[PDB]
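A.B. asks: Model the following, please.
(chains A and B)
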Amino acid sequence: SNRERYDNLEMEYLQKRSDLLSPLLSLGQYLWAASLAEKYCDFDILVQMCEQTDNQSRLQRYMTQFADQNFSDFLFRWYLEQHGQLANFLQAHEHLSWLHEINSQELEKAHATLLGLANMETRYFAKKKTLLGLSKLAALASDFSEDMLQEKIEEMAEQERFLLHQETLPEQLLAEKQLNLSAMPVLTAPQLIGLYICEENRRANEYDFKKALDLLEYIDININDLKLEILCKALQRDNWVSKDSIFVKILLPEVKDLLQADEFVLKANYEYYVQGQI
Amino acid sequence: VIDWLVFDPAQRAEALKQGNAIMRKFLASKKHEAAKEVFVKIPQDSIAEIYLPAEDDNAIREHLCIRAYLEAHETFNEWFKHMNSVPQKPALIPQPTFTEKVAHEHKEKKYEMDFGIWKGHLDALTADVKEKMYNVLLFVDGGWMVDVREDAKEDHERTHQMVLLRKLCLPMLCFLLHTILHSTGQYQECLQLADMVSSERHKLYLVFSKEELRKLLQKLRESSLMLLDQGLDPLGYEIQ
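C.D. replies: Numbering: from 1, shown residues only, chains lettered A, B, ... in the order given. Structure data below:
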């Protein structure tokens, strides 16, 4: 209690010594580590790095088996940092999860973490694509009831649906923009919509904009500012045919008007566009 | 019965169709020298001349599918034959005479030339067998042994023979390609068989039994390991 400042400064002093008695025993036999770790019955940082230097993923499972919150300690102590595959079996606990999960024949489980790692995935597109594929092949190979399975593959079909967008990026603008084929990041709806419409994307046709209007429900800032930005370059490329088609592909008070001109066949097509919608 | 139908050029459409059927029975038995001995009897210029009923559009497609399959075994058996002919290390003569010391300095230097070419020839037989395995697995315009024409008259025998051939040979070609990729240390790509298979573009995963899947999932976890041993993440990407 009170005068604690002196009682948390004497802790750091005994804790810098069970660390100086541990290092000292790092060369020595670890058969005594188990008893030194139990004597000052925590000093876990030392017995946790002795279990790491060897293939005893069996020891770090025997440590967490008899412990009070070591699990929340061995994970935060992993991030700060043959029989070796039995200690790999225990070390595969954490994101390497799915691996020891396929091995344990825990497929359903492998599917959950494979999808979870697919979601956080932002650094590499080629990798976000691989993880879903694996997740999916995990789930399909697992033992879900035909109902549950139909849910996993539907919520999945969604993911594949957004991705497919960045996937079909033309090969004209990806050498223009000097982009790495696979070694590129998981792009977001905006970047995509804006890149599908760049003046770099030269052969931009009906499908490039249609998909640049399909990636608006993939947002989470100004919606209808872009709705215009894109319909407008949809006309710059027309060189006053494509506007025509994209109004043919949608099947309408989405598009703007007076706001747009912010002109002879824009209103002219906006008349057989009031007859079409009607 | 094929040479009888081939003899009369006015029955080339029937010769091919029947040649297909016959080769569909042999494929289900994996009699590739049987299937091919038939495949040569079909004049190399059959397709050109025949030029279309729904029964002739499919049989032309089926024939090429079958060639794509065969060529995916002709190039693997060559590749596989080679993988099993690696230059052997020089034999060691512990306690060597000064004569045996020099004969060995040379045998050891010659072997360090052959092992480089046996990776040389290998790479070119790996680059070639792979291509073929992706021509079958990713068959252009509707998948392997899958009709493009949909207005023919009912042929349950053939149709169900075409579903079966896909379930016997697509799981088997995948597992080979995995064995080729693993054998040459292309581990990153091994794992990318889970994109190819699960793909909604091909729906290859429907041609798999649940057991075959898991087996493919215990094959990929094996490539993954070797990628960890190299210091990369499970899927081959640098650990930043």
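A.B. asks: Pick out the residue closest to the middle of chain B.
C.D. replies: In chain B, the centroid-proximal residue (Cα atoms, centre = their mean) is residue B:72; its distance is 3.4 Å.
A.B. asks: I'd assumed residue B:135 was in contact with that residue.
C.D. replies: Yes: look at residue B:72 against residue B:135 with Cβ atoms under 8 Å: they come within range, at 7.1 Å. Every C-beta, even on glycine, is put in place using the N, C-alpha and C of the backbone.
A.B. asks: In the stretch 101-250 of chain A, what residue lies closest to chain B?
C.D. replies: Sorted by distance to chain B under Cβ to the nearest Cβ, the residues of the stretch 101-250 of chain A start with residue A:141, at 3.5 Å.
A.B. asks: and that residue, what is it in contact with?
C.D. replies: A:107, B:210, B:213-214, B:217 (Cβ atoms under 8 Å, 6 or more residues apart in numbering or on different chains).
A.B. asks: If we use 10 Å, what do you get?
C.D. replies: Residue A:141 sits next to A:102, A:107-108, A:110-111, B:205, B:208-217 when contact means Cβ atoms under 10 Å, 6 or more residues apart in numbering or on different chains.
A.B. asks: Nearest to residue B:125 among the residues you listed?
C.D. replies: Set against residue B:125, the nearest of the contacts of residue A:141 by Cβ to Cβ is residue B:216 (23.6 Å).
A.B. asks: Phi, psi for the closest one please.
C.D. replies: Backbone geometry at residue B:216, expressed as degrees, to the nearest 10, gives phi -70, psi -20.
A.B. asks: If we ignore the residues flanking it in sequence, what's nearest it?
C.D. replies: Leaving aside its chain neighbours, residue B:216 sits nearest to residue B:174 (6.6 Å; criterion: Cβ to Cβ, 6 or more residues apart in numbering or on different chains).
A.B. asks: residues from chain B in reach of chain A?
C.D. replies: Residues of chain B lying close to chain A by Cβ under 10 Å from any Cβ of the partner chain are B:188, B:191-201, B:204-206, B:208-218, B:220-221, B:224-225, B:228, B:233-238, B:240.
A.B. asks: Assess the claim that residue B:17 and residue B:63 are in contact.
C.D. replies: Yes: in this structure residue B:17 lies within contact range of residue B:63 using Cβ atoms under 10 Å: 9.1 Å.
A.B. asks: any residues in contact with both of those two?
C.D. replies: With Cβ under 10 Å, 6+ apart as the test, residue B:17 and residue B:63 reach no residue in common.
A.B. asks: follow-up on the earlier one: tell me, what's touching residue B:72 and residue B:135 both at once?
C.D. replies: Counting by Cβ under 10 Å, 6+ apart, the residues touching both residue B:72 and residue B:135 are residue B:144.
A.B. asks: in the chain, which spans are strands?
C.D. replies: You didn't pick a chain, so chain A it is. With DSSP state E, there are no strands along chain A.
A.B. asks: Which residue, other than its chain neighbours, is closest to the residue in chain B that chain A sits nearest to?
C.D. replies: Chain A sits closest to residue B:213 of chain B, with a gap of 3.5 Å, by Cβ to the nearest Cβ. Nearest non-adjacent residue to residue B:213, counting by Cβ to Cβ, 6+ apart: residue A:141, 3.5 Å away.
A.B. asks: now do residue A:87
C.D. replies: Nearest residue to residue A:87, sequence neighbours excluded (Cβ to Cβ, 6+ apart): residue A:57, at 2.9 Å.
A.B. asks: Quick check: which element contains the residue nearest to residue B:193 when sequence neighbours are not counted?
C.D. replies: The shortest distance from residue B:193 to any non-neighbouring residue, by Cβ to Cβ, 6+ apart, is to residue B:178 (5.9 Å). Taking DSSP states H and E as the definition, residue B:178 sits inside helix B:156-183.
A.B. asks: Quick one: list the elements packing against that helix.
C.D. replies: Judged by 3 or more Cβ pairs under 10 Å, 6 or more residues apart in numbering or on different chains; DSSP states H and E, the packing partners of helix B:156-183 are helix B:12-27, helix B:54-83, helix B:98-137, helix B:187-191, helix B:193-198, helix B:210-229.
A.B. asks: For the last one, list every residue counted as buried.
C.D. replies: In other words, helix B:210-229. Neighbour-count burial for helix B:210-229, with 16 or more other Cβ atoms under 10 Å in any protein chain shown as criterion, is recorded at B:212-217, B:219-221, B:223-224, B:227-228.
A.B. asks: Tabulate these in a markdown table, adding columns for distance to residue A:73.
C.D. replies: Putting the buried residues of helix B:210-229 into a markdown table (distance: Cβ to Cβ, whole Å) gives the following:
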| residue | distance to residue A:73 |
| --- | --- |
| B:212 | 41 |
| B:213 | 37 |
| B:214 | 34 |
| B:215 | 38 |
| B:216 | 37 |
| B:217 | 32 |
| B:219 | 36 |
| B:220 | 32 |
| B:221 | 28 |
| B:223 | 33 |
| B:224 | 28 |
| B:227 | 29 |
| B:228 | 24 |
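A.B. asks: Check the residues you listed and tell me the two furthest apart.
C.D. replies: Longest distance between any two of these is 25.2 Å, between B:212 and B:228; criterion Cβ to Cβ.
A.B. asks: Please list the residues of the stretch 1-150 of chain A that sit near chain B.
C.D. replies: A:85, A:88, A:92, A:95-96, A:98-103, A:105, A:107, A:110, A:114, A:117, A:123-124, A:126-127, A:129-143.
A.B. asks: Now go through those residues and say which are in helices.
C.D. replies: Counting by DSSP state H, these place A:88, A:98-103, A:107, A:110, A:114, A:117, A:126-127, A:129-141 in helices.
A.B. asks: coming back round to it: residue contacts, the residue nearest to the centre of chain B?
C.D. replies: B:129-137, B:144, B:169, B:173, B:176-177.
A.B. asks: next one: residue A:102
C.D. replies: A:109-110, A:114, A:134, A:138, A:141, B:214, B:217-218, B:220-221, B:224.
A.B. asks: State the number of residues packed around residue A:134.
C.D. replies: 31 (other Cβ atoms under 10 Å in any protein chain shown).
A.B. asks: My guess is it contacts residue B:205. True?
C.D. replies: No: contact criterion Cβ under 10 Å: residue A:134 and residue B:205 do not qualify, at 11.7 Å.
A.B. asks: Which residues are in contact with each of the two?
C.D. replies: By Cβ under 10 Å, 6+ apart, the residues touching both residue A:134 and residue B:205 are B:194, B:197-198.
A.B. asks: Would you mind writing the PyMOL command to select the buried ones in these?
C.D. replies: To isolate the buried members of the shared contacts of residue A:134 and residue B:205 in PyMOL, using 16+ other Cβ under 10 Å:
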select buried, chain B and resi 194+197+198
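A.B. asks: and which of the shared contacts of residue A:134 and residue B:205 is nearest residue B:36?
C.D. replies: Minimum separation from residue B:36 among these (Cβ to Cβ) is found for residue B:197, which lies at 27.5 Å.
A.B. asks: mind listing what the closest residue to residue A:136 other than its chain neighbours touches?
C.D. replies: Once flanking residues are discounted, residue A:136 sits nearest to residue B:198: 4.4 Å by Cβ to Cβ, 6+ apart. Residues in contact with residue B:198 (Cβ under 10 Å, 6+ apart) are A:130, A:132-140, A:153, A:156, A:160, B:204-205, B:208, B:213.
A.B. asks: how about 6 Å then?
C.D. replies: A:133, A:136-137, B:205 (Cβ atoms under 6 Å, 6 or more residues apart in numbering or on different chains).
A.B. asks: Contact partners for the closest residue to residue A:115 other than its chain neighbours?
C.D. replies: Distances taken as Cβ to Cβ, 6+ apart put residue A:135 closest to residue A:115, at 4.4 Å, once the chain neighbours are dropped. Residues near residue A:135 by Cβ under 6 Å, 6+ apart: A:111, A:114-115, A:118.
A.B. asks: picking that back up, would you turn the helices and strands packed on helix B:156-183 into a markdown table with distance to residue B:151?
C.D. replies: Formatted as a markdown table, the helices and strands packed on helix B:156-183 follow (distance: least, Cβ to Cβ, whole Å):
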| stretch | distance to residue B:151 |
| --- | --- |
| helix B:12-27 | 16 |
| helix B:54-83 | 5 |
| helix B:98-137 | 26 |
| helix B:187-191 | 39 |
| helix B:193-198 | 30 |
| helix B:210-229 | 33 |
